[PDB]
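One chain follows as structure tokens, the form deposited in one PDB entry.
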């Protein structure tokens, strides 16, 4: 129970902490949201394919230009820990996607929960544009009632049939991502240590 990651859901972080986390998060969803595509037809995830209601990809692409300029593709960083999420992400999305169910949960709902509360607070605490620009990872133009979208994603996790030997791997996998997430906002806290 540390700090950095938390001082994030607030509106704390300097900004190069934000940018950082952003580029870290742009590197998580790409893989994620593409591997999710790689499996947009299998029973063990099929009921959770909501492309236009959650996907964060393009929004961060719209942001990674507001944070790192035009030459953002090759200018944006890719820390080693960011590289470790992406891997257990690729590793799952191609040969064991029944735990892929765990990632979309750790992410989206882990990211969503607090809707216009890290957008309607982050930009009013960073001299950011009021139209939303920059904080696009925090806006979902396809969710009228997000707390209700939750009933609809969690409920879709109920149609997901799976034996017990798997339901044990889906859960231990989420911890993995619960572990993979923390390790990030910790390296992103320590990666800042020496930066004049």
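Basically, rigid core = biggest C-alpha set you can superpose within 1.5 Å across the two forms. Numbering follows the first chain given and starts at 1.
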Mean B factor on CA atoms, stretches 106-114 and 121-129, record says higher is 121-129
Do the C-alpha atoms of 156-164 or of 43-51 have the higher average B factor in the entry?
156-164
Third of the chain, ranked by Cα B-factor, where residue 16 sits
middle
Looking at the temperature factor on the CA atom of residue 143, which third of the chain's modelled residues does it land in?
highest
Assigned third (lowest, middle, highest) for the C-alpha B factor of residue 22:
lowest
Position of residue 176 among the chain's modelled residues by C-alpha B-factor, lowest, middle or highest third:
lowest
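Missing here is the form solved in complex with a small molecule; even so, the following discussion is about that form.
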Considering the small molecule in the deposited complex, which of 149, 26, 138, 45 comes within 4.5 Å of it through any heavy atom?
138
Even though the partner isn't displayed, in the deposited complex is residue 86 close enough to the small molecule, meaning a heavy atom within 4.5 Å?
no
Is residue 191 a contact residue for the small molecule in the deposited complex, using a 4.5 Å heavy atom cut-off?
no
Check residue 114 for me: does it contact the small molecule in the deposited complex (non-hydrogen atoms, 4.5 angstroms)?
yes
So in the deposited complex, does residue 110 come within 4.5 Å of the small molecule, heavy atom to heavy atom?
yes
Answer yes if the Cα of residue 175 shifts by 2 angstroms or more between the shown form and the other one on a rigid-core superposition, and no otherwise.
no
Is the shift of residue 86 between the shown form and the other one large enough to count as movement, that is, does its C-alpha move by 2 Å or more after the core is superposed?
no
Core-superposed C-alpha of residue 107 shifting 2 Å or more between the shown form and the other one
no
Cα-Cα trend for residue 9 and residue 73, given that in the deposited complex the distance shifts by 3 Å or more:
farther
Given a change of 3 Å or more, say if the Cα atoms of residue 6 and residue 102 sit closer or farther in the deposited complex than in this form.
farther
